[PDB]
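Student: What follows is start-v9.txt, compact mmCIF, N, CA, C and O atoms.
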```
# COMPACT_ATOMS: atom_id res chain seq x y z
N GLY M 1 -9.36 -44.32 -1.19
CA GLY M 1 -9.83 -42.95 -1.26
C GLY M 1 -11.33 -42.83 -1.08
O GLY M 1 -12.08 -42.90 -2.05
N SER M 2 -11.76 -42.66 0.16
CA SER M 2 -13.18 -42.54 0.47
C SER M 2 -13.50 -41.17 1.05
O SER M 2 -12.80 -40.68 1.94
N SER M 3 -14.56 -40.54 0.55
CA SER M 3 -14.97 -39.23 1.02
C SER M 3 -13.75 -38.37 1.37
O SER M 3 -13.74 -37.66 2.37
N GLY M 4 -12.73 -38.44 0.52
CA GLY M 4 -11.52 -37.67 0.75
C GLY M 4 -11.41 -36.48 -0.18
O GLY M 4 -11.02 -35.39 0.24
N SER M 5 -11.75 -36.69 -1.45
CA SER M 5 -11.68 -35.62 -2.44
C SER M 5 -12.82 -34.63 -2.26
O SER M 5 -12.60 -33.44 -2.04
N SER M 6 -14.05 -35.13 -2.34
CA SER M 6 -15.23 -34.28 -2.18
C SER M 6 -15.04 -33.29 -1.04
O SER M 6 -14.80 -33.68 0.10
N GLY M 7 -15.15 -32.00 -1.35
CA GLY M 7 -14.99 -30.98 -0.34
C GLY M 7 -14.56 -29.65 -0.93
O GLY M 7 -13.86 -29.61 -1.94
N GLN M 8 -14.97 -28.56 -0.30
CA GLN M 8 -14.63 -27.22 -0.77
C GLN M 8 -14.55 -26.24 0.40
O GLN M 8 -15.42 -26.23 1.28
N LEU M 9 -13.52 -25.41 0.40
CA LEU M 9 -13.33 -24.42 1.45
C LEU M 9 -14.62 -23.67 1.74
O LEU M 9 -15.54 -23.65 0.91
N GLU M 10 -14.70 -23.05 2.91
CA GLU M 10 -15.89 -22.29 3.30
C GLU M 10 -15.50 -20.93 3.88
O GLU M 10 -14.32 -20.60 3.98
N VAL M 11 -16.51 -20.15 4.24
CA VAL M 11 -16.28 -18.82 4.81
C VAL M 11 -16.93 -18.69 6.18
O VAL M 11 -18.13 -18.45 6.29
N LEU M 12 -16.13 -18.85 7.23
CA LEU M 12 -16.62 -18.75 8.59
C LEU M 12 -16.79 -17.29 9.01
O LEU M 12 -17.80 -16.92 9.61
N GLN M 13 -15.80 -16.47 8.67
CA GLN M 13 -15.84 -15.05 9.01
C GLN M 13 -15.41 -14.20 7.82
O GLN M 13 -14.31 -14.36 7.29
N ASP M 14 -16.28 -13.29 7.40
CA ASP M 14 -15.99 -12.41 6.27
C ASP M 14 -15.54 -11.04 6.76
O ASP M 14 -15.71 -10.69 7.92
N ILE M 15 -14.95 -10.26 5.85
CA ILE M 15 -14.47 -8.93 6.18
C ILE M 15 -15.51 -7.87 5.84
O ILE M 15 -16.18 -7.96 4.81
N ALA M 16 -15.63 -6.86 6.70
CA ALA M 16 -16.58 -5.78 6.48
C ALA M 16 -15.87 -4.46 6.21
O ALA M 16 -14.71 -4.28 6.60
N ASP M 17 -16.56 -3.54 5.54
CA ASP M 17 -15.99 -2.24 5.22
C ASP M 17 -15.33 -1.61 6.45
O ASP M 17 -15.84 -1.75 7.57
N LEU M 18 -14.21 -0.94 6.24
CA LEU M 18 -13.49 -0.29 7.33
C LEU M 18 -13.33 1.20 7.07
O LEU M 18 -12.66 1.62 6.13
N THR M 19 -13.96 2.01 7.92
CA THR M 19 -13.89 3.46 7.79
C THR M 19 -12.68 4.03 8.52
O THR M 19 -12.59 3.94 9.75
N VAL M 20 -11.75 4.60 7.76
CA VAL M 20 -10.54 5.18 8.34
C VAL M 20 -10.21 6.52 7.70
O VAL M 20 -10.64 6.81 6.58
N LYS M 21 -9.45 7.35 8.41
CA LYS M 21 -9.06 8.66 7.91
C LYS M 21 -7.55 8.74 7.70
O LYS M 21 -6.80 7.94 8.26
N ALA M 22 -7.11 9.71 6.91
CA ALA M 22 -5.70 9.89 6.64
C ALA M 22 -4.87 9.73 7.91
O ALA M 22 -5.23 10.24 8.97
N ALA M 23 -3.75 9.01 7.80
CA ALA M 23 -2.87 8.78 8.94
C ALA M 23 -3.55 7.89 9.98
O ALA M 23 -3.59 8.23 11.16
N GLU M 24 -4.07 6.76 9.53
CA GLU M 24 -4.74 5.82 10.42
C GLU M 24 -4.28 4.39 10.15
O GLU M 24 -3.50 4.14 9.24
N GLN M 25 -4.78 3.45 10.96
CA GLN M 25 -4.42 2.05 10.81
C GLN M 25 -5.63 1.22 10.39
O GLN M 25 -6.66 1.22 11.07
N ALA M 26 -5.49 0.51 9.28
CA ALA M 26 -6.58 -0.32 8.77
C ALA M 26 -6.25 -1.80 8.94
O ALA M 26 -5.26 -2.30 8.41
N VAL M 27 -7.10 -2.51 9.69
CA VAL M 27 -6.91 -3.93 9.93
C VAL M 27 -8.09 -4.74 9.41
O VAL M 27 -9.24 -4.38 9.61
N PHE M 28 -7.78 -5.85 8.74
CA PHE M 28 -8.82 -6.72 8.19
C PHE M 28 -8.58 -8.17 8.58
O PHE M 28 -7.57 -8.77 8.20
N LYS M 29 -9.51 -8.73 9.35
CA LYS M 29 -9.40 -10.11 9.80
C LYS M 29 -10.58 -10.94 9.29
O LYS M 29 -11.69 -10.43 9.14
N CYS M 30 -10.33 -12.22 9.04
CA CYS M 30 -11.36 -13.12 8.55
C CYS M 30 -11.14 -14.54 9.06
O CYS M 30 -10.14 -14.82 9.73
N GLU M 31 -12.07 -15.43 8.75
CA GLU M 31 -11.98 -16.82 9.18
C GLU M 31 -12.36 -17.77 8.04
O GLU M 31 -13.40 -17.61 7.41
N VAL M 32 -11.50 -18.75 7.79
CA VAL M 32 -11.74 -19.73 6.73
C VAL M 32 -11.77 -21.14 7.29
O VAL M 32 -11.20 -21.42 8.34
N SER M 33 -12.44 -22.04 6.57
CA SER M 33 -12.55 -23.43 6.99
C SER M 33 -11.30 -24.22 6.60
O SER M 33 -11.39 -25.32 6.05
N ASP M 34 -10.13 -23.65 6.88
CA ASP M 34 -8.87 -24.29 6.55
C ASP M 34 -7.70 -23.51 7.14
O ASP M 34 -7.71 -22.28 7.18
N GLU M 35 -6.68 -24.24 7.59
CA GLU M 35 -5.50 -23.62 8.18
C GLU M 35 -4.30 -23.73 7.24
O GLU M 35 -3.36 -22.94 7.32
N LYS M 36 -4.34 -24.72 6.36
CA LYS M 36 -3.26 -24.94 5.40
C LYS M 36 -3.49 -24.13 4.13
O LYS M 36 -2.74 -24.26 3.16
N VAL M 37 -4.53 -23.30 4.14
CA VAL M 37 -4.85 -22.47 2.98
C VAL M 37 -4.06 -21.17 3.00
O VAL M 37 -3.55 -20.76 4.05
N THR M 38 -3.95 -20.53 1.84
CA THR M 38 -3.22 -19.28 1.73
C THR M 38 -3.74 -18.44 0.56
O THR M 38 -4.06 -18.97 -0.50
N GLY M 39 -3.84 -17.13 0.78
CA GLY M 39 -4.33 -16.24 -0.26
C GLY M 39 -3.63 -14.90 -0.24
O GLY M 39 -2.69 -14.69 0.52
N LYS M 40 -4.09 -13.98 -1.09
CA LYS M 40 -3.51 -12.65 -1.17
C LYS M 40 -4.59 -11.58 -1.16
O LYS M 40 -5.71 -11.81 -1.61
N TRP M 41 -4.25 -10.41 -0.64
CA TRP M 41 -5.20 -9.30 -0.56
C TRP M 41 -5.14 -8.45 -1.83
O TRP M 41 -4.08 -8.01 -2.25
N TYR M 42 -6.31 -8.24 -2.45
CA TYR M 42 -6.39 -7.45 -3.67
C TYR M 42 -7.21 -6.19 -3.44
O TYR M 42 -8.32 -6.23 -2.91
N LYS M 43 -6.65 -5.05 -3.85
CA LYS M 43 -7.33 -3.77 -3.70
C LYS M 43 -7.75 -3.20 -5.05
O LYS M 43 -6.90 -2.89 -5.89
N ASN M 44 -9.05 -3.09 -5.26
CA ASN M 44 -9.58 -2.56 -6.51
C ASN M 44 -8.91 -3.23 -7.71
O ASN M 44 -8.83 -2.65 -8.79
N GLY M 45 -8.43 -4.45 -7.50
CA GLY M 45 -7.77 -5.18 -8.57
C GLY M 45 -6.27 -4.93 -8.61
O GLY M 45 -5.71 -4.66 -9.66
N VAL M 46 -5.63 -5.03 -7.44
CA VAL M 46 -4.20 -4.82 -7.34
C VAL M 46 -3.59 -5.66 -6.23
O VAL M 46 -4.01 -5.57 -5.07
N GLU M 47 -2.60 -6.48 -6.57
CA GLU M 47 -1.94 -7.34 -5.60
C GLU M 47 -1.32 -6.51 -4.48
O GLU M 47 -0.32 -5.82 -4.69
N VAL M 48 -1.90 -6.59 -3.29
CA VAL M 48 -1.40 -5.85 -2.14
C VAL M 48 -0.16 -6.52 -1.56
O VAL M 48 -0.18 -7.70 -1.21
N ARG M 49 0.92 -5.75 -1.45
CA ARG M 49 2.17 -6.27 -0.91
C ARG M 49 2.57 -5.50 0.35
O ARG M 49 2.36 -4.30 0.47
N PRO M 50 3.17 -6.22 1.31
CA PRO M 50 3.62 -5.63 2.58
C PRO M 50 4.81 -4.70 2.39
O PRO M 50 5.61 -4.87 1.48
N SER M 51 4.92 -3.70 3.27
CA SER M 51 6.01 -2.74 3.20
C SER M 51 6.34 -2.19 4.59
O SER M 51 5.72 -2.57 5.58
N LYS M 52 7.32 -1.29 4.65
CA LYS M 52 7.73 -0.69 5.91
C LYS M 52 6.52 -0.28 6.74
O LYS M 52 6.58 -0.25 7.97
N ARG M 53 5.41 0.02 6.06
CA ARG M 53 4.18 0.42 6.74
C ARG M 53 3.22 -0.76 6.86
O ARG M 53 2.89 -1.19 7.97
N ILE M 54 2.77 -1.27 5.72
CA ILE M 54 1.85 -2.40 5.70
C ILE M 54 2.47 -3.63 6.35
O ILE M 54 3.63 -3.96 6.11
N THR M 55 1.68 -4.31 7.18
CA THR M 55 2.15 -5.51 7.87
C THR M 55 1.12 -6.62 7.80
O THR M 55 0.02 -6.50 8.36
N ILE M 56 1.47 -7.71 7.13
CA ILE M 56 0.56 -8.85 7.00
C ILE M 56 1.02 -10.02 7.86
O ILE M 56 2.16 -10.48 7.76
N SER M 57 0.13 -10.50 8.72
CA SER M 57 0.44 -11.61 9.61
C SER M 57 -0.47 -12.80 9.33
O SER M 57 -1.67 -12.64 9.11
N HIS M 58 0.11 -14.00 9.33
CA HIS M 58 -0.65 -15.22 9.08
C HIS M 58 -0.79 -16.05 10.35
O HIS M 58 0.20 -16.54 10.90
N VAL M 59 -2.02 -16.19 10.82
CA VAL M 59 -2.29 -16.96 12.03
C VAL M 59 -3.32 -18.06 11.77
O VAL M 59 -4.51 -17.78 11.59
N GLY M 60 -2.85 -19.30 11.74
CA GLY M 60 -3.75 -20.42 11.50
C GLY M 60 -4.75 -20.13 10.40
O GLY M 60 -4.38 -19.80 9.28
N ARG M 61 -6.04 -20.26 10.73
CA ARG M 61 -7.10 -20.02 9.77
C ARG M 61 -7.58 -18.57 9.85
O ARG M 61 -8.77 -18.29 9.69
N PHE M 62 -6.65 -17.65 10.09
CA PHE M 62 -6.98 -16.24 10.19
C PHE M 62 -5.92 -15.38 9.51
O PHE M 62 -4.72 -15.58 9.71
N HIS M 63 -6.37 -14.43 8.69
CA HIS M 63 -5.46 -13.54 7.98
C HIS M 63 -5.61 -12.10 8.46
O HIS M 63 -6.73 -11.63 8.68
N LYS M 64 -4.49 -11.41 8.62
CA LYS M 64 -4.50 -10.03 9.07
C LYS M 64 -3.80 -9.12 8.06
O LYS M 64 -2.83 -9.52 7.42
N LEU M 65 -4.29 -7.90 7.94
CA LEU M 65 -3.71 -6.93 7.01
C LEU M 65 -3.70 -5.53 7.62
O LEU M 65 -4.74 -4.88 7.71
N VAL M 66 -2.52 -5.08 8.02
CA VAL M 66 -2.37 -3.75 8.62
C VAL M 66 -1.91 -2.73 7.58
O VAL M 66 -1.09 -3.04 6.72
N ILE M 67 -2.43 -1.52 7.68
CA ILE M 67 -2.07 -0.45 6.75
C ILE M 67 -1.82 0.86 7.49
O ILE M 67 -2.76 1.52 7.93
N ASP M 68 -0.55 1.23 7.62
CA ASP M 68 -0.18 2.46 8.31
C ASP M 68 -0.19 3.64 7.34
O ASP M 68 -0.03 3.46 6.13
N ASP M 69 -0.37 4.84 7.88
CA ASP M 69 -0.39 6.05 7.06
C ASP M 69 -1.49 5.97 6.00
O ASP M 69 -1.24 6.20 4.82
N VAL M 70 -2.70 5.62 6.43
CA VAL M 70 -3.83 5.51 5.52
C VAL M 70 -3.84 6.66 4.52
O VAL M 70 -3.84 7.83 4.90
N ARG M 71 -3.86 6.31 3.23
CA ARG M 71 -3.87 7.32 2.17
C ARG M 71 -5.20 7.28 1.41
O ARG M 71 -5.95 6.31 1.46
N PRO M 72 -5.49 8.38 0.69
CA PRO M 72 -6.72 8.50 -0.09
C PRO M 72 -6.73 7.58 -1.30
O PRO M 72 -7.67 7.59 -2.10
N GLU M 73 -5.68 6.78 -1.44
CA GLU M 73 -5.57 5.85 -2.56
C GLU M 73 -5.85 4.41 -2.11
O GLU M 73 -6.03 3.52 -2.93
N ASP M 74 -5.88 4.21 -0.80
CA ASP M 74 -6.14 2.89 -0.23
C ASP M 74 -7.62 2.54 -0.31
O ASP M 74 -7.99 1.37 -0.34
N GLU M 75 -8.46 3.57 -0.36
CA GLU M 75 -9.90 3.38 -0.43
C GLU M 75 -10.30 2.74 -1.76
O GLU M 75 -9.88 3.18 -2.83
N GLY M 76 -11.10 1.68 -1.69
CA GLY M 76 -11.54 1.00 -2.89
C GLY M 76 -12.34 -0.26 -2.58
O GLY M 76 -13.47 -0.18 -2.11
N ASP M 77 -11.74 -1.42 -2.86
CA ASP M 77 -12.40 -2.69 -2.61
C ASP M 77 -11.38 -3.77 -2.25
O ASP M 77 -10.62 -4.23 -3.10
N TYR M 78 -11.37 -4.17 -0.98
CA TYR M 78 -10.44 -5.19 -0.51
C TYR M 78 -11.05 -6.58 -0.64
O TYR M 78 -11.99 -6.94 0.07
N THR M 79 -10.51 -7.37 -1.57
CA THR M 79 -10.99 -8.72 -1.80
C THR M 79 -9.88 -9.74 -1.64
O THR M 79 -8.84 -9.66 -2.30
N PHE M 80 -10.09 -10.71 -0.76
CA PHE M 80 -9.10 -11.75 -0.51
C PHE M 80 -9.50 -13.06 -1.19
O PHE M 80 -10.62 -13.53 -1.04
N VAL M 81 -8.56 -13.64 -1.93
CA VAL M 81 -8.81 -14.90 -2.63
C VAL M 81 -7.78 -15.95 -2.26
O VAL M 81 -6.60 -15.85 -2.60
N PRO M 82 -8.23 -16.99 -1.54
CA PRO M 82 -7.35 -18.09 -1.11
C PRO M 82 -6.90 -18.96 -2.28
O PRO M 82 -7.70 -19.67 -2.88
N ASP M 83 -5.61 -18.90 -2.59
CA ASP M 83 -5.05 -19.69 -3.68
C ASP M 83 -5.49 -21.14 -3.58
O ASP M 83 -5.36 -21.77 -2.53
N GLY M 84 -6.00 -21.68 -4.69
CA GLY M 84 -6.45 -23.06 -4.70
C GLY M 84 -7.96 -23.17 -4.78
O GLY M 84 -8.49 -24.08 -5.43
N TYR M 85 -8.65 -22.26 -4.12
CA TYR M 85 -10.11 -22.26 -4.11
C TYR M 85 -10.67 -21.15 -5.00
O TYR M 85 -9.91 -20.41 -5.63
N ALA M 86 -11.99 -21.05 -5.05
CA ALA M 86 -12.65 -20.03 -5.86
C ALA M 86 -13.43 -19.05 -4.99
O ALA M 86 -14.19 -18.23 -5.49
N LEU M 87 -13.22 -19.15 -3.68
CA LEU M 87 -13.91 -18.27 -2.73
C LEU M 87 -13.31 -16.87 -2.76
O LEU M 87 -12.27 -16.64 -3.38
N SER M 88 -13.98 -15.93 -2.09
CA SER M 88 -13.51 -14.55 -2.04
C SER M 88 -14.37 -13.72 -1.08
O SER M 88 -15.58 -13.92 -0.99
N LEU M 89 -13.73 -12.80 -0.37
CA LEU M 89 -14.43 -11.94 0.57
C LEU M 89 -14.73 -10.58 -0.04
O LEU M 89 -14.21 -10.24 -1.11
N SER M 90 -15.56 -9.80 0.64
CA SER M 90 -15.92 -8.47 0.15
C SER M 90 -15.83 -7.44 1.27
O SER M 90 -16.43 -7.60 2.34
N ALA M 91 -15.06 -6.38 1.03
CA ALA M 91 -14.88 -5.32 2.02
C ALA M 91 -14.51 -4.00 1.34
O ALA M 91 -13.64 -3.95 0.48
N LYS M 92 -15.20 -2.93 1.74
CA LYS M 92 -14.95 -1.61 1.18
C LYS M 92 -14.27 -0.70 2.20
O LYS M 92 -14.77 -0.52 3.32
N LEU M 93 -13.13 -0.13 1.82
CA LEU M 93 -12.39 0.76 2.71
C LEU M 93 -12.77 2.21 2.46
O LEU M 93 -12.47 2.77 1.40
N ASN M 94 -13.42 2.82 3.44
CA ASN M 94 -13.83 4.22 3.33
C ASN M 94 -12.77 5.15 3.88
O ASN M 94 -12.40 5.07 5.06
N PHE M 95 -12.26 6.04 3.03
CA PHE M 95 -11.24 6.99 3.44
C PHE M 95 -11.85 8.36 3.75
O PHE M 95 -12.42 9.01 2.87
N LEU M 96 -11.73 8.78 5.00
CA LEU M 96 -12.27 10.07 5.43
C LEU M 96 -11.18 11.14 5.42
O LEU M 96 -10.14 10.99 6.05
N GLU M 97 -11.44 12.24 4.71
CA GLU M 97 -10.49 13.34 4.62
C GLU M 97 -10.93 14.51 5.50
O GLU M 97 -12.11 14.88 5.50
N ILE M 98 -9.99 15.08 6.24
CA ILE M 98 -10.28 16.21 7.11
C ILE M 98 -10.53 17.48 6.31
O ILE M 98 -9.59 18.17 5.92
N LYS M 99 -11.80 17.78 6.07
CA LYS M 99 -12.17 18.97 5.31
C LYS M 99 -11.60 20.22 5.96
O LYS M 99 -11.67 20.40 7.17
N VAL M 100 -11.02 21.09 5.13
CA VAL M 100 -10.43 22.34 5.62
C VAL M 100 -11.38 23.51 5.41
O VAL M 100 -11.80 23.79 4.28
N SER M 101 -11.71 24.21 6.49
CA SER M 101 -12.61 25.35 6.42
C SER M 101 -12.15 26.46 7.37
O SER M 101 -11.67 26.19 8.47
N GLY M 102 -12.31 27.70 6.94
CA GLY M 102 -11.91 28.83 7.76
C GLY M 102 -10.41 28.89 7.98
O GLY M 102 -9.90 28.47 9.02
N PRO M 103 -9.68 29.42 6.99
CA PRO M 103 -8.23 29.54 7.06
C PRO M 103 -7.78 30.58 8.07
O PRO M 103 -8.39 31.64 8.20
N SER M 104 -6.71 30.27 8.80
CA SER M 104 -6.18 31.18 9.81
C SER M 104 -4.89 31.85 9.32
O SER M 104 -4.01 31.19 8.77
N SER M 105 -4.80 33.16 9.53
CA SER M 105 -3.63 33.92 9.11
C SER M 105 -2.70 34.18 10.29
O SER M 105 -3.13 34.20 11.44
N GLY M 106 -1.42 34.39 9.99
CA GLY M 106 -0.45 34.65 11.04
C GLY M 106 0.65 33.60 11.08
O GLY M 106 0.89 32.99 12.13
```
Reformat the file's structure so that it appears as structure tokens.
Tutor:
Amino acid sequence: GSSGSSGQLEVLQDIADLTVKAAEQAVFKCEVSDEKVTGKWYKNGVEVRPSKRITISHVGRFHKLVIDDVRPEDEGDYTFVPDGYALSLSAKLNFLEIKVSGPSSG
């Protein structure tokens, strides 16, 4: 066992805030110094799980997170933590709402 243990994952590509509006698609991609690694997406402190809308794809050392029907509740803080390591990314999801002004009658 030589220079085998010593080592710690790294962050090649981090995630940046994503500005989206109601009924939109939010995608988050990153790059890690490992392909056999795996983590989960956390929103404002909540385990993000895939659904009929949300679609998570795993590609080598790259993670993807799709979010259909963007809601005003998705906005917060998207942090990904690769199980096994202590690393973590930082990304803020900005939710834009279509302000309503000048009501029309008829």
Student: Which residues, written as a short mmCIF file (atom, residue, chain, number, x, y, z; two decimals) with N, CA, C and O atoms, keeping the file's coordinate frame, have at least one atom at most 6 Å from residue M:56, with all atoms listed in the file counted and residues fewer than 3 positions away on the same chain left out?
Tutor:
```
data_model
loop_
_atom_site.label_atom_id
_atom_site.label_comp_id
_atom_site.auth_asym_id
_atom_site.auth_seq_id
_atom_site.Cartn_x
_atom_site.Cartn_y
_atom_site.Cartn_z
N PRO M 50 3.17 -6.22 1.31
CA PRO M 50 3.62 -5.63 2.58
C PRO M 50 4.81 -4.70 2.39
O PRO M 50 5.61 -4.87 1.48
N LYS M 64 -4.49 -11.41 8.62
CA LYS M 64 -4.50 -10.03 9.07
C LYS M 64 -3.80 -9.12 8.06
O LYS M 64 -2.83 -9.52 7.42
N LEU M 65 -4.29 -7.90 7.94
CA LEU M 65 -3.71 -6.93 7.01
C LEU M 65 -3.70 -5.53 7.62
O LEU M 65 -4.74 -4.88 7.71
N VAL M 66 -2.52 -5.08 8.02
CA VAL M 66 -2.37 -3.75 8.62
C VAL M 66 -1.91 -2.73 7.58
O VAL M 66 -1.09 -3.04 6.72
#
```
Student: One decimal, Å: what's the distance from atom O of residue M:104 over to atom C of residue M:22, could you say?
Tutor: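 Atom-to-atom, atom O of residue M:104 and atom C of residue M:22 are spaced 21.5 Å apart.
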Student: Using only N, CA, C and O atoms, which of the listed residues (M:72, M:15, M:2, M:39) sits closest to residue M:27?
Tutor: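 Selected residue with least distance to residue M:27: M:15.
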Student: Which one of M:53, M:92, M:40, M:61 sits closest to residue M:13 if you count all atoms listed in the file?
Tutor: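 Looking at the shortest contact to residue M:13, the residue is M:61.
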Student: Please identify the strand (DSSP E or B) residues within chain M (assignment by DSSP from backbone atoms) and present them as a PyMOL selection string.
Tutor: chain M and resi 11-13+18-21+26-27+31-32+38-43+47+55-59+62-67+78-83+91+93-96
Student: From the options M:70, M:84, M:34, M:28, which residue's atoms come nearest to residue M:11, counting all atoms listed in the file?
Tutor: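 Among M:70, M:84, M:34, M:28, it is M:34 that comes nearest to residue M:11.
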Student: Which residue, M:83, M:17, M:97, M:35, has the smallest gap to residue M:62 when you use all atoms listed in the file?
Tutor: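 Ranking M:83, M:17, M:97, M:35 by distance to residue M:62, first place goes to M:35.
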Student: Suppose you want the space between atom CA of residue M:98 and atom CA of residue M:46; what is it in Å?
Tutor: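 A separation of 26.2 Å between them.
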Student: Measuring atom to atom with only N, CA, C and O atoms, identify which of M:60, M:7, M:45, M:76 is nearest to residue M:94.
Tutor: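 Using only N, CA, C and O atoms, the shortest distance to residue M:94 belongs to M:76.
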Student: Return the single residue from M:79, M:20, M:63, M:103 that is closest to residue M:48, with distances computed using all atoms listed in the file.
Tutor: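 Nearest to residue M:48: M:79.
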Student: Please measure the separation of atom CA of residue M:90 and atom CA of residue M:14, giving the value in Å to one decimal.
Tutor: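 So the two atoms, atom CA of residue M:90 and atom CA of residue M:14, lie 7.3 Å apart.
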